[PDB]
Every structure is written in structure tokens, then in C-alpha cells.
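# Here is my input; please provide its structure:
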Amino acid sequence: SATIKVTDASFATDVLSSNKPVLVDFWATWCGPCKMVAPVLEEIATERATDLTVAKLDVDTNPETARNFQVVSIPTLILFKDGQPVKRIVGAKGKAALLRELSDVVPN
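Numbering: from 1, shown residues only. Below is the structure:
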């Protein structure tokens, strides 16, 4: 397991105070599309470990952090950098598609 599990009590230390960018997956155990994205995040967490932390937040056991980032539907992925959210992605995505959508630049 290369992803980290984070909770309402640990979110500030593990995500908001992280040196590395952190990609947070807001998910739930019963959610069909969240399962579609789970193995993709596992791969990214291993492959991109020196550059990026990948964190999982179960919205049902951590409803306050979900409320704090206005998460209404899942999967939602939020990328954090130095304490702020810099990108929000809604919906399941393939690996290549996800990494491209996380960027602020486009290919020419």
C-alpha cells in the first residue's frame, strides 16, 4: 500500500503541512466509480513516489473534511500544494488522462 489513509484528525498534518504535493481521493466503500479509480491511484502512488503523495479520505467516516472541501459527489480528487487546493477533478479517470488533467499546462 503506497497510498496513505487520512482522517479528519490527521488531515492538517498529513496533507495541509506536507512538503510534497498531495493528491487526495475522496471516496466511499460502496461507490462503484471510486473502485474504477482506485488501482490507478495505487500505481501513481508507487510510480511517482518521489514527487507526489497520494492520500485516501473515506467521506463517510470523515464527513467534516468532505464538508470542508465541499465534496458533494464521488470520486473527487483534489491536489494540494503548500496547504491549498490547486486542482479539483470530478469523476473516475485513467492514469494518463488523470496526470494530464492535474497539470496547469497543455501540450502544443
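
# Give the helix, strand or coil label for the spatially most central residue of the chain.
Geometric centre of the chain, nearest residue: residue 24, 2.0 Å, by Cα atoms, centre = their mean. At residue 24 the chain is in strand, as set by DSSP: H, G, I helix; E, B strand; the rest coil.

# Wait, it touches residue 77, no?
Yes - shown here, residue 24 and residue 77 form a contact pair, counting by Cβ atoms under 8 Å, at 6.8 Å. Backbone N, C-alpha and C define where each C-beta goes, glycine included.

# residues contacting the residue nearest to the centre of the chain?
Applying Cβ atoms under 8 Å, 6 or more residues apart in numbering, we find residue 24 in contact with 6, 15, 55, 56, 57, 77, 78, 79, 80.

# Redo the residues you listed as JSON lines? Include secondary structure.
Converted to JSON lines, the contacts of residue 24 look like this (three-state DSSP):
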{"residue": "6", "secondary structure": "coil"}
{"residue": "15", "secondary structure": "helix"}
{"residue": "55", "secondary structure": "strand"}
{"residue": "56", "secondary structure": "strand"}
{"residue": "57", "secondary structure": "strand"}
{"residue": "77", "secondary structure": "strand"}
{"residue": "78", "secondary structure": "strand"}
{"residue": "79", "secondary structure": "strand"}
{"residue": "80", "secondary structure": "strand"}
